[PDB]
Amino acid sequence: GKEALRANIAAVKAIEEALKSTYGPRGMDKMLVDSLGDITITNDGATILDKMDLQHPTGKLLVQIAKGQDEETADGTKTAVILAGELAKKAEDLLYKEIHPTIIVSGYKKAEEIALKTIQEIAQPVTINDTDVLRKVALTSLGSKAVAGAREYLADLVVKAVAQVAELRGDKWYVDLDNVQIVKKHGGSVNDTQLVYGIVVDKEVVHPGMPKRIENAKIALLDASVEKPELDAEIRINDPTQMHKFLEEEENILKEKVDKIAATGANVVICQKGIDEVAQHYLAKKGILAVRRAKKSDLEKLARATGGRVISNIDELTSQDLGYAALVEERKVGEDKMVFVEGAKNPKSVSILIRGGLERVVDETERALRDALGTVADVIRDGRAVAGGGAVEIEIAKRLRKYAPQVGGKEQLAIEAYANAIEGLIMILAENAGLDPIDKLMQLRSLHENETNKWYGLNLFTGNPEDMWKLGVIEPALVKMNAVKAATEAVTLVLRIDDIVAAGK
Amino acid sequence: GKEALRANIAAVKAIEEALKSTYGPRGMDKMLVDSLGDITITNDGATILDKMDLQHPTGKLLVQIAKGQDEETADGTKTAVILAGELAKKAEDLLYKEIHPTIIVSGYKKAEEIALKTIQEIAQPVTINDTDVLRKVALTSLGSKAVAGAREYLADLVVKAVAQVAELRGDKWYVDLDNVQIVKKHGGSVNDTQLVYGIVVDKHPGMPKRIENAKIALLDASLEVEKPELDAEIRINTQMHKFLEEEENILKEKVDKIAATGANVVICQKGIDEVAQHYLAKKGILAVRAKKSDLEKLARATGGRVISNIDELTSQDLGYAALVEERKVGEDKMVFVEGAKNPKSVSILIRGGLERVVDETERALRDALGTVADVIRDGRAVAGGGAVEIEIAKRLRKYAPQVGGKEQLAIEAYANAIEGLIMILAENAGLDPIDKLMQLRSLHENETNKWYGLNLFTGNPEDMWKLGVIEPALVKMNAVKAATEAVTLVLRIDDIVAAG
Amino acid sequence: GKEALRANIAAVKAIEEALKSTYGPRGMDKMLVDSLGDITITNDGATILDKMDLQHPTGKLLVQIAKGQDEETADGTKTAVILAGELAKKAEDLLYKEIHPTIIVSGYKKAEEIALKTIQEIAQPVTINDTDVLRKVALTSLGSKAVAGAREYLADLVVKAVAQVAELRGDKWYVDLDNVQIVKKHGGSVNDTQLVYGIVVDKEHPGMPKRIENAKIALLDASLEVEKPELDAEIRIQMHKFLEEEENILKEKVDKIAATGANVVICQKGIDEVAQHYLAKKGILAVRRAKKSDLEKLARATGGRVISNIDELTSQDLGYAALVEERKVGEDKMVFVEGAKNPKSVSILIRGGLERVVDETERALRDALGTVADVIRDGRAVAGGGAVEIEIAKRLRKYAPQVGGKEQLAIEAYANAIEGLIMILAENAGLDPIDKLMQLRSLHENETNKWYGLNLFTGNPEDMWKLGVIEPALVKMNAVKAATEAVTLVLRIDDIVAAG
Ligand SMILES: Nc1ncnc2c1ncn2[C@@H]1O[C@H](COP(=O)(O)OP(=O)(O)O)[C@@H](O)[C@H]1O
Ligand SMILES: Nc1ncnc2c1ncn2[C@@H]1O[C@H](COP(=O)(O)OP(=O)(O)O)[C@@H](O)[C@H]1O
Ligand SMILES: Nc1ncnc2c1ncn2[C@@H]1O[C@H](COP(=O)(O)OP(=O)(O)O)[C@@H](O)[C@H]1O
């Protein structure tokens, strides 16, 4: 049974070894070449674990635990898995001393609970009012990613965008990120990006003859597409003057189809099907704006943000169901055109237009932005925040070291190992920064003899212990707290296994 | 993760090694034999990277970065990729000293920013007025290419041609190269080439071949008949005989509509029906059998609009010209739309004895146009021939001490990597690289002699500016940015994982 | 001819690699097991190169150059050979750039001359008066060795001892270390050691006076044994009287010497046991075989002459002393000739608990004597700990630009090779070499902080001069000359041809 655990532990350390390079802001990236041939370079753990497949089932479960977090932000996964790795690494050293795993687990459980407690007790509170901090958080979150052009601009836009959707529910701050629309274009600098308080539709209008500007536009959201009379009736013809009139009836059918909708009268209509090129002219004749196939995602985000309902059947329409907007417009941002539904009736209306010079590079800003949104939303929803840069881990360590003596012997060693495994993560951080890990970590914890200097962490640039909070190195209290729970979960779920009997074939 | 970086760096140095031969005016060429069998010899990096395919993805991204320069000219790509190569070469030596890559990147970033600053501060300003300089620039740009016959003539024509399109937009000089038409013929010397201030079209004997004050009708419709086959299979039962004439009357009805306004020249991008020829020739109208490119360039340059549908015609929207003519330049004939209404109207007729050789002048000319356009749009220019790099080097060497230690070494390496490029230049010239570079930088103890660079012919350090060795300040500046970009984007990778 | 140079350079780097561990105060030691079986641990380069034999002739010449330093102290040899190593290491990198060796040599020559100049210009003057500094120097010199017990005591005794022998010759301070006597005993602490201003004889009849006042010393370099009549005459057995004649011969031998009447006699031969009683009968002190070394040191220090023949004696030749005594220092007894007539009279008694350990203090003391003597004779001293090398480096880096190109690179390489030595120092101290060196040179932007060097204990750049880290200006200066000598004498060789 020891070889099986050795195998599983090896499996974990393999992942830790894979990701260890990418940890920290001054980390390393990994390239991934699609079978198609498309190249994708990244350090974001979610994408790495995604594209990098594993055959070892414990690996699949491990990734399932680390990656499969409840939260929208992929931030904290790397931290969790690396920690799991370190825990397993020390665990091995505990096993070498002839300690039955259940003991190690029990010690790790105490250690995790107290880690959480230690995070709780130190976690400085933060209010949505203290906007600058939220900007610092956004900065820290998005800064770590490959793109570093105009971080301040983006972070600013992030905080401003997030603060808009937030609402008081039972005096508790609730936020729904589905309320934020996110659209992408190719070409253009990073500065050319802009937020919109209305709903943006990434499309070109169906006809040049339509009004491209409507004031106080009401929006009709129709999820309907011709009729086929072949199976209904064999279209037999032997007399040529007959069919000619048979034709016009079928156009009159379409007219009958559209007239119903023309009766109530819409200002703008959007459907998720290829628009027939005759309806264009008839809709253009009335002075109505239309759009070609937009995806259901934007339609559903349009639905709640406009104060209307999306309608499956075009015959069941009611005059209340249709959304209401203040301004609709179309414009050229960069080279291509886009549609903009500005000043929607719903107060929690937000959109963001993103742009990158290269089509593959703009995708990084997406993955960098999503986390920058979520991470801040998680600061808002929680109401606590903590200075990263190693200011946390060492406190957990010193805590567990001070607590370990008075837990009884065999757990104590597991707890101490836990503390060392927590500490070693900062060393991993420093390794990636090119500095001496030991020297710096010891320097750090040696500076924590004073409780005032609790926020002191390593700056990977100066290479010197400095106050992380003042330097704008803040992170969410929760996202870093969950990493410990997922990591402990994983390691315990590795040490809890004795053998595998998987069914091949 | 070290082996992956070694592989990528190797991948870069492979490209550097491929191109290193072709760098500089006195460089080497590379032959490329098409699968068809056609042979193509060239040194132009774009074509080399084009025809030479790479399987290594980092290579594809590398070429994507180097080629993927914002500007119209392929000039500067070689410079960039070679520099990237040198940077990687020194980087290796930095890694051998146990320096984590992020440090190297940080140092290279500082080095790049300061390189740009150093280019900015020294870059002599240049105005469109100082035409001779622009000629010297054109010369330097086009001279490096395989063809060296009548460089002065061409450069002159280039500068004259470019200066015509330039316009003041918000007191800032804007230029659009789409305004320049470029047509090619086979056979004839290099001197027989000429520019035209009107629009040249590279294309019935009974039509008037000369029209005064011609109005040009731009018809993007098939002048061919309409096909009643799919419409109606016609069964023969003297009836069909008239069925014929109706169908000619259709064409007459088609043309008469267009004959309403009364235009003197018509052009369409479809095979012209041989009955419309006689009817159009009967009126005394000139016609032609042409690509949409020239039509779109004709559109804006004549003061008219290209017409999609022949039924929607208006009496405005046909272009206006002063003179139209046709002539034999060399063996074949060409059409010339001279004295267009739009002021920014330009065309150029190019000719080479051999059909494959005239294509080189094209690739040599495009860059010679862009390069000068980039001098105009920017408003700065710098003497090449190594006068730049050594200053960057000395700058970074003087700046490196006061940046902190571990960055300082990366910066110094950067400076050495910048310097080594001139050595590469000298290697291709057959001279001793070290001796000459050191000779150069040793002459820069005096700032007056800042423009001193190597002459590849005399082999002696001389003032490059006075010898007409000038280049655009921007195109050489972008190379550093793309090169740094690439190298950093190589050192930023730790491992690759392909799917399936 | 390239492979021969590669081999020789390899040969040098091998030695550098051998010694690199032992460099600096916080260095490493090396154990050496004699063929006899006796073990000897040491870091002192002289002993390492001694006991470690090399077959490669260039190695023998190399050690011959490094060891073969003009000066009394073995200090500076390691520094020299390591520097030679670094120079060769960079030289390799210069050769890789296709630079003919003579160029490298020329550059290294300029670099060496300017290194010497740079040492001259910065070298703070020091006078014999500023005794505390001399103590700091002694400390620095002796401190690096294995023994660290009671360094202050020893250094103090060193300075006091050396200052006594120094004499004004043409107003220039001359010192002769042959004037200092050095004797050793086994067992006893390091504190139990003491200096004596008279001449100490390390030796043991009980009937003789062991204390004489104002003793005149007779230096007899003749066998006090009988003369052998065996070869002269095989005697057949009267004999009883034949005996007494032969005692009367000894009496006749001694009486002659008893003429002047000296109080102490010393000879370097086993003393006949009959002369003992006759000499003891007069009330004279004698000693058993002492070595000629102490006799020659006794000769000049007592104001007398050593006598080859006992028949040529004169009443003036004999030395004069104020006090003679014998005493038990530790377990064994020793003879002490105190208050000699010659003013430059010095002796030192050294003692270690272990017989092998006391030998280290010897080798540590000799250098501590010489090193200070070299500060006195020169009149200059310099703060070690890296405060020197970085200045040489910055100097050569600032000077290199204006020497012409191909030399400039050799000079820069020299500077880097000088710098790298401190890194080697820091490596042995367990700290990061690069970081610390860069930290050092970055602190030298201010000239005031010129003496800043690395402290191997705090790990921080600090003023070496104030911390008592001073060394002789000359001994460190000669190392550069011997190192350059060696490296140039390696790069000057193209091939070797032996007689097989
Ligand atoms: N500006 C910063 N300065 C110092 N440390 C930072 C900074 N930003 C982030 N970190 C550190 O980076 C660690 C991990 O960040 P990163 O690897 O980019 O994402 P993740 O949190 O998913 O691992 C955190 O533990 C945090 O302490
Ligand atoms: N007449 C010249 N004298 C010296 N150097 C020149 C001259 N013309 C061009 N060069 C050098 O050639 C280099 C590159 O030119 P070339 O290889 O022909 O095209 P590209 O600009 O794409 O590299 C420039 O960096 C410039 O320094
Ligand atoms: N106390 C000290 N602090 C710092 N450096 C020292 C000290 N003592 C000696 N050194 C350094 O040690 C180096 C070599 O000294 P050492 O090994 O003792 O003898 P040697 O000169 O024969 O190698 C010198 O370059 C000097 O700078």
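**Topic: the overall build of chain C**
Item 1. Helices and strands together make up the secondary structure of chain C, namely 15 helices and 19 strands.
Item 2. Overall size of chain C, expressed as C-alpha extent along the three principal axes, is 95 × 60 × 45 Å.
Item 3. Taking all 500 residues of chain C together, 48% fall into the buried category.
Item 4. Surface exposure of chain C reaches about 25,000 Å², of which carbon and sulfur atoms provide 50%.
Item 5. The distance from the centre of the 68 positive side-chain charges to the centre of the 79 negative ones in chain C is 2 Å.

**Here we look at the packing of helix α4 (residues 77-96) of chain A against helix α5 (residues 101-122) of chain A**
The geometry of a pair of packed helices is captured by two quantities: the angle between their axes and the separation between those axes.
All names here are of chain A.
Item 1. At a closest axis distance of 10 Å, the pairing of α4 and α5 adopts a crossing angle of 135 degrees. Classed by the angle they form, the pair α4 and α5 counts as oblique. Here α4 runs over α5; the crossing is right-handed. Where α4 abuts α5, its residues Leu87, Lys90, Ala91, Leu94 and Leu95 lie against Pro101, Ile104 and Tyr108.
Item 2. Partitioned by chemical class, the residues of the contact of α4 with α5 number 7 nonpolar, no polar and 1 charged.

**Regarding the side chain of B:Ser141**
Item 1. In this structure, B:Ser141 sits in helix α6 (residues 131-143).
Item 2. Excluding residues that lie within four positions of it along the chain, B:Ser141 makes contacts with B:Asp75, B:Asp367, B:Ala368 and B:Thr371.

**Let's talk about the site of ligand 3**
Residue and element names in this part refer to chain C.
Item 1. Close contacts around ligand 3 come from 14 residues, with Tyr23, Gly76, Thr79, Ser144 and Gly385 the closest.
Item 2. Note that an oxygen atom of ligand 3 is positioned 3.2 Å from one of the side-chain N or O atoms of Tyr23.
Item 3. Here an oxygen atom of ligand 3 and a backbone polar atom of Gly76 are 3.0 Å apart.
Item 4. In isolation ligand 3 exposes 550 Å². Once the protein is present, 91% of that is buried.
Item 5. Of the residues belonging to the shell around ligand 3, the class tally is 4 nonpolar, 6 polar and 4 charged.

**A word on the site of ligand 1**
Residue and element names in this part refer to chain A.
Item 1. Close to ligand 1 lie 16 residues; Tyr23, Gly76, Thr79, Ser144 and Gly389 are nearest.
Item 2. Between ligand 1 and the protein, one listed contact pairs an oxygen atom with a side-chain N or O atom of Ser144 at 2.3 Å.
Item 3. Burial of ligand 1 by the surrounding chains reaches 91%, relative to a free accessible area of 560 Å².
Item 4. Residue classes in the shell around ligand 1 are distributed as 5 nonpolar, 7 polar and 4 charged.

**As for the domain arrangement of chain B**
Item 1. According to the domain assignment, chain B contains domain 1 (1-125 + 379-497), domain 2 (126-196 + 343-378) and domain 3 (197-342).
Item 2. Relative placement of domain 1 of chain B and domain 3 of chain B: their C-alpha centres are 53 Å apart.

**Description of the arrangement of the chains**
Item 1. Of all 2 pairs of chains in contact, the one with the most contacts involves chains A and B.
Item 2. Left apart from each other, chain A and chain C have a closest C-alpha approach of 9 Å.

**With respect to empty space enclosed by the protein**
Item 1. Counted as a void, the largest cavity has a volume near 230 Å³.
Item 2. Surrounding the largest cavity, 20 residues form its lining, C:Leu154, C:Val158, C:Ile350, C:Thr361 and C:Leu365 being those nearest its centre.
Item 3. Secondary structure elements with two or more residues in the lining of the largest cavity: α7 (151-165), β15 (346-352) and α11 (357-378) of chain C.
Item 4. A total of 5 residues in the lining of the largest cavity trace back to one element, the largest contributor, which is α7(C).
Item 5. Taken together, the residues of the lining of the largest cavity break down into 15 nonpolar, 3 polar and 2 charged.
Item 6. In this model, the second largest cavity occupies a volume close to 200 Å³.
Item 7. Looking at the second largest cavity, it is lined by 17 residues, and the ones nearest its centre are A:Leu154, A:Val190, A:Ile354, A:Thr365 and A:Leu369.
Item 8. Every element with two or more residues in the lining of the second largest cavity is listed here: α7 (151-165), β7 (194-196), β15 (350-356) and α11 (361-382) of chain A.

**Examining a nonpolar patch on the surface**
Residues and elements named next belong to chain A.
Item 1. Nonpolar side chains collect at one region of the surface, where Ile235, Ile237, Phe246 and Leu247 lie side by side and expose about 380 Å² of accessible area between them.
Item 2. By secondary structure assignment, the location of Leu247 is in helix α8 (residues 240-264).
Item 3. Judged by its relative accessible area of 48%, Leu247 falls in the partly exposed class.

**Notes on unusual backbone geometry**
Item 1. Here A:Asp171, not a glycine, exhibits a phi torsion of approximately 50 degrees, which is positive.
Item 2. Relative to the elements of secondary structure, A:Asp171 occurs in the loop between β4 (167-169) and β5 (172-174).
Item 3. The exposure class assigned to A:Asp171 is exposed, which follows from its relative accessible area of 72%.
Item 4. Phi is positive for C:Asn214, close to 55 degrees, though the residue is something other than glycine.

**Quick word on the interface of chain A and chain B**
Item 1. Contact with chain A, which involves 21 residues of that partner, is made by 21 residues of chain B.
Item 2. Taken together, the links from chain A to chain B amount to 2 salt bridges.
Item 3. One salt bridge connects A:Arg26 with B:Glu407, and the closest N-O pair in it is separated by 3.8 Å.
Item 4. Our count for the chain A to chain B interface comes out at 12 residue pairs in polar contact.

**Remarks on the interface of chain B and chain C**
Buried accessible area, meaning the area lost when the parts come together, often serves as the stated size of an interface.
Item 1. Between chain B and chain C, the residue contacts involve 15 residues of the former and 15 residues of the latter.
Item 2. Surface buried jointly by chain B and chain C totals about 1,200 Å² across both partners, of which 55% is contributed by carbon and sulfur atoms.
Item 3. Taken as a group, B:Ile434, B:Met438 and B:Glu445 account for 35% of the area that chain B buries against chain C, more than any other trio of residues on that side.
Item 4. Taken together, the links from chain B to chain C amount to 2 salt bridges.
Item 5. When the shortest N-O distance is used, the salt bridge between B:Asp432 and C:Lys406 registers 3.6 Å.
Item 6. Scanning the region where chain B abuts chain C turns up 1 residue pair in polar contact.

**Things to note about the domain arrangement of chain C**
All names here are of chain C.
Item 1. Under the domain assignment, chain C is made up of domain 1 (1-125 + 379-497), domain 2 (126-196 + 343-378) and domain 3 (197-342).
Item 2. For domain 1 versus domain 2, the distance between C-alpha centres works out to 26 Å.
Item 3. Of the residues lining the interface, 28 residues belong to domain 1; the matching set on domain 2 comes to 22 residues.
Item 4. Overall, the association of domain 1 and domain 2 removes approximately 2,100 Å² of surface from exposure, summing both partners, and the carbon and sulfur fraction of that is 47%.
Item 5. The largest per-residue losses of area from domain 1 upon contact with domain 2 belong to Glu72, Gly379 and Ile470, which jointly make up 24% of the total buried on that side.
Item 6. The interface formed by domain 1 and domain 2 includes 5 salt bridges.
Item 7. In this structure, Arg377 engages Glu72 in a salt bridge whose closest nitrogen and oxygen atoms are separated by 2.6 Å.
Item 8. There are 8 residue pairs in polar contact connecting domain 1 and domain 2.
Item 9. Going through the elements one at a time, β2 (39-42), β3 (124-125), β16 (380-383), β19 (470-472) and α15 (473-491) are the ones with two or more residues in the side of domain 1 that touches domain 2.

**What to know about the packing of aromatic side chains**
Item 1. Counting across every chain of the model gives 6 aromatic pairs over all chains.
Item 2. Relative to A:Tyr418, the ring of A:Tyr108 lies with its centre 5.3 Å away and its plane at 70 degrees, an arrangement referred to as edge-to-face. A single burial state applies to A:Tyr108 and to A:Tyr418, both of which are buried.
Item 3. Its guanidinium or amino end placed over the ring of A:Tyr174, A:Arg169 lies 4.6 Å from that ring's centre, counting from NZ or CZ.
Item 4. For B:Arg327, the ring lying beneath its charged end belongs to B:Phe336, and the centroid distance is 5.0 Å.

**Looking at the nonpolar core**
Item 1. Ranked by internal contacts, the top residues of the largest apolar core, which has 104 residues, are B:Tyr108, B:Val158, B:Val372, B:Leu396, B:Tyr414 and B:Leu491.
Item 2. Apart from the residues lying within four places of it in its own chain, the contact partners of B:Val158 are B:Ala138, B:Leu365, B:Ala368, B:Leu369 and B:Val372.
Item 3. Core analysis: the second largest hydrophobic core is formed by 102 residues, C:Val162, C:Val358, C:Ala479 and C:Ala486 among them.

Conventions and cut-offs
- Residues numbered from 1 in each chain as written, not as in the entry; some residues may be left out.
- Chains lettered and ligands numbered in written order.
- Part of a larger assembly, values for the part shown.
- Heavy atoms only, no water.
- Helix = DSSP H or I, 4+ residues; strand = E, 2+ residues; numbered from the N terminus.
- Buried < 20%, exposed > 50% of the residue type's maximum accessible area, 1.4 Å probe, protein only.
- Areas by Shrake-Rupley, 256 points an atom, 1.4 Å probe, with all protein chains shown as cover.
- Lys, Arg positive; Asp, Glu negative; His and termini not counted.
- Charge placed at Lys NZ, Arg CZ, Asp CG, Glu CD.
- Axes fitted to C-alpha atoms, helices over the stretch in contact; angles between N-to-C directions.
- Parallel < 35°, antiparallel > 145°, perpendicular 65-115°, else oblique.
- Left-handed = near helix turned anticlockwise from the far one by under 90°.
- Contact = heavy atoms within 4.5 Å.
- Nonpolar A, V, L, I, M, F, W, Y, C, P; charged D, E, K, R; others polar.
- Near = heavy atom within 4 Å.
- Polar contact = N/O pair within 3.5 Å; in protein donor to acceptor, adjacent residues only side chain to side chain.
- Domains from an automatic or database assignment.
- 1 Å grid on protein atoms, 1.4 Å probe; cavity = no way out; pocket = protein on both sides within 12 Å on 5 of 7 lines; lining within 4 Å.
- Points joined across faces, edges and corners; volume = space filled by probe spheres on them.
- Patch = residues over 30% accessible without salt bridge, like charges linked within 9 Å, V, L, I, M, F, W, Y side chains within 5 Å.
- Salt bridge = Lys/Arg side-chain N within 4 Å of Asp/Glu carboxyl O.
- Buried area = accessible area lost by both parts, 1.4 Å probe.
- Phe/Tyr/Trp six-rings, centres within 6.5 Å; stacked < 30°, edge-to-face > 60°.
- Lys NZ or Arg CZ within 6 Å of the ring centre and 35° of its normal.
- Core = buried A, V, L, I, M, F, W, Y, C linked by side-chain atoms within 4.5 Å.

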